[PDB]
């Protein structure tokens, strides 16, 4: 499917007022923004910053998004966000992501995303590049 491990990639974020709602907790929709930011940072770390992606005519598009909410985060909490690849298809990828509170590791949100790889110009489906497929478990190319 797609294998994960090692020093498992986590991106760290701070919760600001913009992220919160009237309840005094993170607005539930905003966890998907945090998860999106983490996928961008995982790509960067594997050698696929935004200039590299547009260089190779690659664009990633969300076709489906699912989130399950468990415990709340408050103003000024820090969040750790994973970006695992659960399955790797020819022209798409499924991400499995966890948002945890940094102080105590309690799971706040779990998300699953089906993400399509397309031509940046024309938005038509394309195969995930070789080097990218490789990166998703270890990248010296």
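Positions refer to the first chain, counted from 1.
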{"item": "Stretch exceeding the other in mean C-alpha B-factor - 88-96, 62-70", "value": "88-96"}
{"item": "Of 119-127 and 10-18, the stretch whose C-alpha atoms average the higher B-factor in the entry", "value": "119-127"}
{"item": "Largest Cα B-factor, entry values, listed residues 77, 41, 56, 110", "value": "56"}
{"item": "Top Cα B factor in the deposited entry, candidates 103, 82, 30, 50", "value": "103"}
